[PDB]
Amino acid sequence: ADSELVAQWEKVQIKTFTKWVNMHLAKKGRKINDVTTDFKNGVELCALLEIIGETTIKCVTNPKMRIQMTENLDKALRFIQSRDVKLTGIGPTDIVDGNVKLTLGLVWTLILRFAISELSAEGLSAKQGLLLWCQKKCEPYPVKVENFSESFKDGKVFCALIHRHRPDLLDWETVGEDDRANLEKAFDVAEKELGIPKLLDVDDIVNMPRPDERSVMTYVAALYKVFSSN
């Protein structure tokens, strides 16, 4: 049983990555509907990189020629590899033409670079550090953190992550066997008391046999920032 739910994970990852883009685009009054269509001219990708890159690359803000959109992504793809990112096989025509697997692949490289990179340690993938991070925060709690898919489905781990850091924000006696209740618990606390938009749609977690791994990691990257000892 994979083919229909692989299509479902793609829908979900589009929504989560879109909402993750908007999180940064909102810091300047910008917003997009759909990451698979809204980077096709390069403007909002250049926009996003300026915010999270702390640079002013000059893009053509209302491209009327296909040439200008393509050149927009030239400047975008240039800057990304200036920040030590390996672009597997993504060129500008792949995003101007609106390819979904390569655009999601691009955005995931930005999430990995600008949201999770701090957790890679010379032989530890950024994914490895993040999970080991959660695992050590969740030792006190009756939860297993083995992955970023099934371990996060029922909501207890999102609550432990917040509770271990800020127990005034969340009561551990109120988490139970109702996944939707726990998920709404954590996402409404993080959204009101930590500054984190609801990048995960509760429907998309409760509904599927397990969540999209890269979506969950993106929300978890956001929790990781909000808890910085320094």
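Throughout, we count residues from 1 along the sequence that is shown.
Output the stretch having the higher mean C-alpha B factor in the entry; the candidates are 22-30 and 52-60.
In the deposited entry, the stretch with the higher C-alpha B-factor mean is 52-60.
Checklist entry - Going by the B-factors listed in the PDB entry, is the mean over the C-alpha atoms higher for 160-168 or for 31-39? => result So the stretch with the higher mean C-alpha B-factor is 160-168.
Handout entry: Largest Cα B-factor, entry values, listed residues 104, 95, 112, 87
Key = In the PDB entry, the greatest C-alpha B-factor among 104, 95, 112, 87 is found at 87.
Of the residues 72, 81, 99, 149, the one carrying the largest Cα B-factor as recorded:
If I rank 72, 81, 99, 149 by C-alpha B-factor, first place goes to 81.
- When the modelled residues of the chain are sorted by Cα temperature factor, does residue 155 land in the lowest, middle or highest third? Lowest third - that is where residue 155 ends up once the chain's C-alpha B-factors are sorted.
*Should residue 208 be placed in the lowest, middle or highest third of its chain by the C-alpha B factor in the entry?*
For residue 208, the deposited C-alpha B-factor lands in the highest third.
| message | Please say which third, lowest, middle or highest, residue 173 falls into when its CA temperature factor is compared across its chain. | response | Answer is highest: the recorded C-alpha B-factor places it there.
- Message: Among the modelled residues of this chain, does the Cα B factor of residue 67 put it in the lowest, middle or highest third?
- Response: It falls in the middle third of the chain.
Ranked by Cα temperature factor within the chain, is residue 200 in the lowest third, the middle third or the highest third? Answer is lowest: the recorded C-alpha B-factor places it there.
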